[PDB]
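Encoded as structure tokens, the structure appears first; notes follow it.
Number of protein chains: 2
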Amino acid sequence: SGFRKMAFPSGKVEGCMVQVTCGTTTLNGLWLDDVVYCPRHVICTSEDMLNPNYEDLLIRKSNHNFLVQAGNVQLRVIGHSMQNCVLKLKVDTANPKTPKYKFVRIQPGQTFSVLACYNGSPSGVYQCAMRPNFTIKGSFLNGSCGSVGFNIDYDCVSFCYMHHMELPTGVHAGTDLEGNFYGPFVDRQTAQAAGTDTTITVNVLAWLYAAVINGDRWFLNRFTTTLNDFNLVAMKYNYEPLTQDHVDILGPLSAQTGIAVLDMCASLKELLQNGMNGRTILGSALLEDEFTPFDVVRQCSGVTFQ
Amino acid sequence: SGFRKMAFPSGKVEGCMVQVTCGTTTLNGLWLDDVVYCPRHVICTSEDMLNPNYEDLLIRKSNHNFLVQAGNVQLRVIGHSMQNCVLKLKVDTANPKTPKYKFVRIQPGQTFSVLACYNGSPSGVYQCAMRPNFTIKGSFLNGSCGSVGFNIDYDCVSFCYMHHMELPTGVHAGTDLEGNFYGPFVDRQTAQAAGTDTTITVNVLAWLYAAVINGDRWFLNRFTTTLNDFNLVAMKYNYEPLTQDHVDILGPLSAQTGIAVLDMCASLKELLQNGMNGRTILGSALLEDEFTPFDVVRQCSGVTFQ
Ligand SMILES: CC(C)[C@H](C(=O)Nc1ccc(C(=O)NO)cc1)c1ccccc1
Ligand SMILES: CC(C)[C@H](C(=O)Nc1ccc(C(=O)NO)cc1)c1ccccc1
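Protein chains in written order, with PDB author numbering: chain A, 1 to 306; chain A', 1 to 306. A prime marks a further copy of an entry chain.
This is the structure:
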């Protein structure tokens, strides 16, 4: 028993992190097979970042200007190209530690693990969610760009995020590994503000099931509701509308606990309208929304990765 | 910016995890040099666990009864011995992935990362604190015994915890790597209840400094206090007494922010007496106490491990 915010084991990704330097700028890169992926703003100065013309800035760069270091050992760059907002640096050595991997573009509401790195070196690992406004709430300092987010299924690493930017409001924006930003954000130091940070309703419900499985049940009540009735309350509290697709996804947790999804929705409705009254659920005084239904099933059943 | 509950990169420990089977019981072991460490209750049946005589149960075990598997490859056991509540299984092959390591017995209030494993395979990583009542609040299912907790400094892994037991109340108990339990707990299925779960005051203060560094400052007020005055309030709220040693440890964070430790204590006092009034601090509605002062400095400065 016990339910914790849990990241994937990070060893498979640790062996892919390198340092990339272009001029005065150092950040992180991801070394898979004979390609190193990194944010294209490695080629910028701090001045450049206000209005960068990346195509023009890259004309002045040659292979030998990209210094790529894996631990203490230097990699030889034999080609470079820009794909959307990432650079692909072709090196003459395939990463011998390359795991089985895929590139995936995740949907808002899905979760992933971040390996925070500096100077190509891992600093820590934590769990994140792609928010409905396409930001993530991470922990990133200067030098952390190029840190990646990922999920693992058995022995295959699905890379879904690369870190690029911090907004003035303290939240974070980045791309998939094809270099396309999540949401409307751009790699320019400008006025770009995040939209409404809505709560991921299906994840809150999954976490309430996790609470019941682990013995926290004070919030269960005698009520039920309907999708349309619940969603009137969801809207008031900036919760994402619950759909029949979401109900179906919660089916397995419903079956295990014997609590119908709409009954749990009625529990959530009362929690939103009345608050916690100073009580806690799984050690939290907030309704947690960065556990997916699949996260809960996985942790409550103890699946592993080889 | 951003402040997250962050675990150490787990790759160095992943390469040390093995599966240990004795009869019908399978759990995890830690393979360092030519020794595998695991909980001694691997030799017990579920019946045995009510009143086990470990010395007598071990007489019936020989080296070849301990099946030790590293991934898909079997290790040969050439000796075994009991040290306190752990077994040390001598194998004929030194773990080629052995990192630089130490065994450490941590103090209540210190934090560490847990690599949750099943059948010798990593499942996830999360951050824990040794509570003042010598429990930890983990995420452990059947099969997770032998999972370990650790800190990393540069390239040296300090192992501090091995998981052994779940109490009927849902919290967790275990040993250091010399096999001595933290607190009064024993590896017997009996009535053993945890004492008062007091809050780690110095860690709460460190987290409040982290909040200020990251822009959350609504809780700062015009007041100050004294150690003795604060501790009268700490006692009422089951907070550990603050000492001059704690004040000194917070010195660096005090210097960086310009907020005197006793001024932050006055902010904490008001938060305890008045609550959060529906507001949040670093995404939490509770006063978080599983960040140490060293954790905060580390995350706010981005130190790494090679
Ligand atoms: C989302 C937030 C608005 C919600 C909440 O706080 N509701 C609340 C409603 C009414 C009162 C009151 O005092 N009425 O008189 C007090 C609190 C909530 C629920 C669960 C966990 C965190 C937050
Ligand atoms: C530890 C807990 C007891 C504390 C707290 O809730 N205090 C509180 C005090 C008075 C009232 C009230 O309504 N007075 O009229 C309401 C709440 C607290 C503080 C910060 C974060 C979590 C919890």
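Note that the Cβ used here is the ideal one computed from N, Cα and C, for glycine as well.
Fill in: Contact with chain A by A':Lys137, beta-carbon distance below 8 Å
For A':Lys137, the answer is yes, since a Cβ of chain A falls inside 8 Å of its Cβ.
Worksheet item: Can you round the beta-carbon distance between A':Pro39 and A':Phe305 to whole angstroms, since I take them to be within the 8 Å contact cut?
Response: The beta-carbon distance between A':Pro39 and A':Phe305, rounded to whole angstroms, is 28 Å. This is too long to meet the 8 Å contact definition.
Worksheet item: Counting by C-beta, which residues lie closer than 7 Å to a heavy atom of ligand 1, in chain order?
Response: Residues with a Cβ closer than 7 Å to any heavy atom of ligand 1, in chain order: A:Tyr237, A:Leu271, A:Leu272, A:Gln273, A:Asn274, A:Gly275, A:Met276, A:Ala285, A:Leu286, A:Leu287, A':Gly278, A':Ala285.
Fill in: Assigned secondary structure, A:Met235 (DSSP; H/G/I helix, E/B strand, else coil)
The answer is helix: DSSP assigns A:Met235 an H, G or I state.
Worksheet item: Considering only the beta carbon of each residue, do A:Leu89 and A:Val35 sit closer than 8 Å?
Response: Going by beta carbons, A:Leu89 and A:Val35 fall inside the 8 Å limit.
Practice prompt. Could you tell me whether any Cβ in chain A is nearer than 8 Å to the Cβ of A':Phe134?
Written response: No - not a single Cβ of chain A is within 8 Å of the one on A':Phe134.
Item to complete: Could you run through the region 204–219 of chain A and flag, in chain order, every residue whose CB is less than 9 Å away from some CB of chain A'?
Response: Hits within the stretch, in order: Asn214, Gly215.
Practice prompt. Between the Cα of A':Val296 and those of A':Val202, A':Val233, A':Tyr54, spot the shortest distance and give me the residue it belongs to.
Written response: The option with the nearest alpha carbon to A':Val296 is A':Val202.
Worksheet item: Exposed or buried, A:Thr190, counting other C-beta atoms within 10 Å across all chains shown (16 or more means buried)?
Response: It is exposed - the Cβ of A:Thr190 has fewer than 16 other Cβ atoms within 10 Å.
Fill in: Ordered list of alpha helix (DSSP H) runs contained in the region 159–232 of chain A, each at least 4 residues
201–213, all fully within the region 159–232 of chain A.
Practice prompt. Please confirm if A':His164 has its CB atom under 8 Å from at least one CB of chain A.
Written response: Taking 8 Å as the CB threshold, A':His164 stays off the interface with chain A.
Fill in: Check whether A':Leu272 and A':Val247 have beta carbons under 8 Å apart
One thing to note: A':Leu272 has its Cβ no nearer than 8 Å to the Cβ of A':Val247.
Worksheet item: Going by C-alpha distance, which of A':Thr224, A':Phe294, A':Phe159, A':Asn221 is nearest A':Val204?
Response: Just measuring C-alpha positions, the residue of A':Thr224, A':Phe294, A':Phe159, A':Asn221 sitting nearest A':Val204 is A':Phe294.
Worksheet item: Straight-line CA distance for A:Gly283 to A:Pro52?
Response: Computed Cα separation, rounded: 46 Å.
Item to complete: Spell out a yes or no on whether the region 85–99 of chain A and the region 170–179 of chain A are touching, meaning 3 or more CB-CB pairs, one atom from each, closer than 8 Å.
Response: Taking a contact to require three or more Cβ pairs closer than 8 Å, the region 85–99 of chain A and the region 170–179 of chain A qualify as touching.
Worksheet entry | Whole beta strand (DSSP E) elements within the region 123–155 of chain A, 3-residue minimum | Counting only runs of 3+ residues, the beta strand (DSSP E) found wholly inside the region 123–155 of chain A occupies 148–153, in chain order.
Discussion item. Quick check for students: name the residue ranges of the alpha helix (DSSP H) that lie wholly in the region 50–125 of chain A, counting only runs of 4 or more.
Written reply: You should have 54–59.
Worksheet item: Thinking C-beta only, is A':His163 closer than 8 Å to A':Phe185?
Response: Taking 8 Å as the Cβ cut-off, A':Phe185 and A':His163 do not qualify as a contacting pair.
Worksheet entry | Contact under 8 Å by Cβ, A':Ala7 with A':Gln107 | Taking 8 Å as the Cβ cut-off, A':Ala7 and A':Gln107 do not qualify as a contacting pair.
Worksheet item: For the region 249–282 of chain A, which residues have a beta carbon sitting closer than 9 Å to at least one beta carbon of chain A'?
Response: The region 249–282 of chain A vs chain A', Cβ under 9 Å: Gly275, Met276, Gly278, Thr280.
Discussion item. Using 8 Å as the threshold, is the C-beta distance between A':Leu262 and A':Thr292 below it?
Written reply: No, Cβ-Cβ distance for A':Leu262 and A':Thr292 is not below 8 Å.
Worksheet entry | Cβ-based burial, A:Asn95 [other Cβ within 10 Å; buried from 16] | For A:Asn95, the number of other beta carbons within 10 angstroms of its own is at least 16, and it is reported as buried.
Worksheet entry | Listed by chain order, chain A' residues near A:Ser62 by CB distance under 7 Å | Here the premise fails: no neighbours, minimum Cβ distance about 29 Å.
Worksheet item: CB A:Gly138 to CB A:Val157, shorter than 8 Å?
Response: Taking 8 Å as the Cβ cut-off, A:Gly138 and A:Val157 do not qualify as a contacting pair.
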